[PDB]
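Following: one structure in structure tokens, then a few remarks.
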Amino acid sequence: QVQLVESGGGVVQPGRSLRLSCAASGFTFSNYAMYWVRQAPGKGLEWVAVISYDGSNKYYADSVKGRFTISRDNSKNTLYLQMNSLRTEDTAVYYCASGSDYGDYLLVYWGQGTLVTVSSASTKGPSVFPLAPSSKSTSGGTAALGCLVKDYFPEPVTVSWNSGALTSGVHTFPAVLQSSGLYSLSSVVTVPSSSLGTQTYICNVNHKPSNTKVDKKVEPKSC
Amino acid sequence: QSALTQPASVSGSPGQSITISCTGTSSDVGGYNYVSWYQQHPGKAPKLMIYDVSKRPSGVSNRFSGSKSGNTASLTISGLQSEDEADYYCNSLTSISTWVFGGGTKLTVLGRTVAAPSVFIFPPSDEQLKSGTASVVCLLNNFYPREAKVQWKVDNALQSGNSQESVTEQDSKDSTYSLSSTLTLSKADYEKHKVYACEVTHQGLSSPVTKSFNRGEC
Amino acid sequence: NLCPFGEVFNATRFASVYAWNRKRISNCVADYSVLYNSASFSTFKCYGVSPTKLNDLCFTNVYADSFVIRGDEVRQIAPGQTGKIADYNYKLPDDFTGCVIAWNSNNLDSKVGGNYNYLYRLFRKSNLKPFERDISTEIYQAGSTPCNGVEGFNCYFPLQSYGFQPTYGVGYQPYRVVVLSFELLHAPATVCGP
Ligand SMILES: *[C@@H]1O[C@H](CO)[C@@H](O[C@@H]2O[C@H](CO)[C@@H](O)[C@H](O)[C@H]2NC(C)=O)[C@H](O)[C@H]1NC(C)=O
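Protein chains in written order, with the deposited numbering: chain j, 1 to 223; chain i, 1 to 218; chain B, 334 to 527.
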């Protein structure tokens, strides 16, 4: 078996330096080669850097050439990447990969990349707003109800509902970032009109950087 | 970077044959034969499928084959099993010792019958406007093809870039999909406008569906 | 008894050209026909013998030499050839020399930035005698008035590394070579075909 693990990637502010490590076991790490590859969320893959078996030679993409540095310690089966002057375009997922007997030029083995993003915004917590049930929604005796979060920076979030005991018809869409640079998300549940007049629906949001929860109730507006 | 061109998406019925193409410079895929193909299911590290001269790694089904023709190379997949929908990327080595990746092709398998979207629209007006910002939200629920197109209409005028949409992953109970849509506006502009509407055109629908409301009704 | 050709061809790492390893093969049953008809061998030239006949033959003992060399140099590994590798690294005899087998192992032997584990003799006092091997790695200065006194590095160095890169292309790719020698009459046979 062969396995690789990346570590150290995380939140940082722009213009700073950061160091990533990748550790391999199960093969002669010194013999082949190590590569770094990154994937900006929602985009394809692109190549970042490469180092040779001896570490004597290095190559980098024009976007990172001279800015980043790649180094390895073949005595520890350990690989390292040094990043300097990080910019908003470096906010991707970075994978380490190595050659194999199939070809030193081939990204045969891959780790499970760390997520790194540069942001000047602080760990602002989310705010929760409700959706307005109405005729343009409630139709055919069926209606959708939802809660909306106002932009927040930290990556971890979890939405809870009365329906959390049985999430049938409940969705928690992938969060998205506003031009402000902070994440936001929407969650909705589908319910019958009989429930709108007989059951309370309240949403509560969990945010690990701030254990103080936020919650809001949805009620059928006359609009 | 001479990033290789690829089709944005391809689709086929289960058991059919389908081919993905990759194209590059005479020194990026022409000449050398090191073209390789990678597979990446969502949420996990990419796998490889093909490499030099269409060879295939051990432990991978013989259903995948590769071909090269000068400036272009292609990957053909047969016996679609719906597990191959993972996006495929081509890769090649280039002179001046540089690697290039293709834009990635997303494969959609018609693993079930078409299912129509359910659509809802909601104003977050009361709390959001009290906070000092305005947005409008439109919801598309449990559709199948997921190729849906979404448009925002204000006073029947079309808006773009001012909205952000998010699509949830395939619901394994029925392979359906859902999309969230939301346009953002400033308090002054939100008060200037009178009518708000969202429009969707999709294979899941027999004809475009539009939902609209006037801010002045309530 | 089966023959170790499997480990001979698939040894995972062949010796450098200048220091070519050898291995004695004995008491084998040599399934030459099943080896020869394989598609991986880019060349299977034979001298004084033909490959299809090889199973109908039966030599006393056979040696196999192995080294990794570049495509243009593979042409030099033939009886009667001359050139830097044939002259300095591995002089094939000007006589029978059995089959020369080569395949393009660029995948294993070439590496990004060039493989420096494989070296060749840039020059020598005089060309090697058939099957001669030497490990003597001393700078060729000879001291004297023409060059820097002995032990000095002015007069280059005897060895150089190929630096096999994928970019090197089909012309400069590294091939893996093995060559077998067959001798007769000096002893009773000990290995034969199936
Ligand atoms: C070196 O390894 C290869 C791969 O295992 C051997 O080729 C295989 O041989 C077996 C037995 O004849 C066949 O069943 C396989 O189909 C072969 N595989 C391939 C990919 O060709 C090869 O025989 C080994 N070297 C020698 C000298 O035998």
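Where a beta carbon is used, it is the ideal one built from N, C-alpha and C, also for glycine.
Chain i within 8 angstroms of residue i, Cβ atoms only
i: j:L182; result: no
i: j:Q112; result: yes
i: j:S222; result: yes
i: j:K150; result: yes
i: j:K136; result: yes
i: j:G146; result: yes
i: residue 246 of chain j; result: Nothing about residue 246 of chain j can be read from this structure; chain j reaches only from 1 to 223.
i: j:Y59; result: yes
i: j:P130; result: yes
CB of residue i within 8 angstroms of CB of residue j, strictly
i: j:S179; j: j:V149; result: no
i: B:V382; j: B:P527; result: no
i: B:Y421; j: B:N460; result: yes
i: B:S366; j: B:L387; result: yes
i: i:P46; j: i:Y38; result: yes
i: i:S181; j: i:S163; result: yes
i: j:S7; j: j:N77; result: no
i: i:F122; j: j:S137; result: yes
i: i:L107; j: i:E83; result: no
i: i:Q6; j: i:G104; result: yes
i: j:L106; j: i:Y51; result: yes
i: j:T114; j: j:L182; result: no
i: B:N437; j: B:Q498; result: no
C-beta neighbour in chain j for residue i, strict 8 angstroms
i: i:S67; result: no
i: B:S443; result: yes
i: B:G404; result: no
i: i:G104; result: yes
i: i:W152; result: no
i: i:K211; result: yes
i: i:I121; result: yes
i: B:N370; result: no
i: i:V137; result: yes
i: i:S166; result: yes
Where residue i falls: helix, strand or coil (DSSP)
i: B:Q498; result: coil
i: i:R63; result: coil
i: j:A175; result: coil
i: residue 286 of chain i; result: A query on residue 286 of chain i cannot be resolved here, the shown segment of chain i reaching from 1 to 218 and no further.
i: B:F338; result: helix
i: i:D174; result: coil
i: i:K187; result: helix
i: i:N141; result: strand
i: j:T88; result: helix
i: i:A8; result: coil
i: j:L196; result: helix
i: j:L81; result: strand
i: B:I418; result: helix
i: B:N481; result: coil
i: B:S383; result: coil
i: j:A49; result: strand
i: i:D84; result: coil
i: B:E406; result: helix
i: residue 224 of chain j; result: Shown here, chain j extends from 1 to 223; a query on residue 224 of chain j therefore has no answer.
i: j:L20; result: strand
i: j:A33; result: strand
i: j:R67; result: coil
i: B:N440; result: helix
Short CB-CB distance (under 8 angstroms) between residue i and chain B
i: j:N77; result: no
i: j:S25; result: no
i: j:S56; result: yes
i: i:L4; result: no
Requested in this report: Identify each residue in the region 17 to 49 of chain i for which the Cβ-Cβ distance to at least one residue of chain B is less than 7 angstroms, and report them in chain order.
Outcome: From the region 17 to 49 of chain i, only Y34 have a Cβ closer than 7 angstroms to chain B.
Query raised in the report: Taking a cut of 7 angstroms between CB atoms, which residues from the region 32 to 51 of chain j lie near chain B?
Result: Within the region 32 to 51 of chain j, the residues whose Cβ lies closer than 7 angstroms to some Cβ of chain B are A33 and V50, listed in chain order.
Requested in this report: Could you name the residues of the region 160 to 191 of chain j whose beta carbon sits closer than 7 angstroms to any beta carbon of chain i, in the order they occur along the chain?
Outcome: Against chain i - using a Cβ distance shorter than 7 angstroms - the residues of the region 160 to 191 of chain j are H171, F173, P174, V176, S186, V188 and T190.
**Report entry** Nearest-residue set for ligand 1, Cβ under 6 angstroms from any heavy atom
**Finding:** Listed along the chain, these residues meet the criterion: B:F338, B:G339, B:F342, B:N343 and B:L368.
Query raised in the report: Which residues, taken in chain order from the region 95 to 107 of chain j, show a beta carbon closer than 7 angstroms to some beta carbon of chain B?
Result: Listed by position along the chain: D101, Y102, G103, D104 and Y105.
Query raised in the report: Which residues, taken in chain order from the region 489 to 514 of chain B, show a beta carbon closer than 8 angstroms to some beta carbon of chain j?
Result: With the criterion set as a beta carbon lying under 8 angstroms from some beta carbon of chain j, the members of the region 489 to 514 of chain B are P499, in sequence order.
Query raised in the report: Taking a cut of 9 angstroms between CB atoms, which residues from the region 173 to 189 of chain i lie near chain j?
Result: Those would be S178, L179, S180, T182 and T184, in chain order.
**Report entry** Where the region 139 to 151 of chain i meets chain j: residues whose CB sits under 9 angstroms from a CB there
**Finding:** Residues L139, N141 and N142.
Query - Interface positions of the region 80 to 101 of chain i facing chain B (Cβ-Cβ less than 8 angstroms), listed along the chain - result: Listed in chain order, the positions of the region 80 to 101 of chain i with a beta carbon within less than 8 angstroms of a beta carbon of chain B are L93, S95 and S97.
Query raised in the report: When you check each C-beta in the region 410 to 441 of chain B against every C-beta of chain j, which residues fall closer than 9 angstroms?
Result: Those residues of the region 410 to 441 of chain B placed with their C-beta closer than 9 angstroms to a C-beta in chain j are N439, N440 and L441, ordered along the chain.
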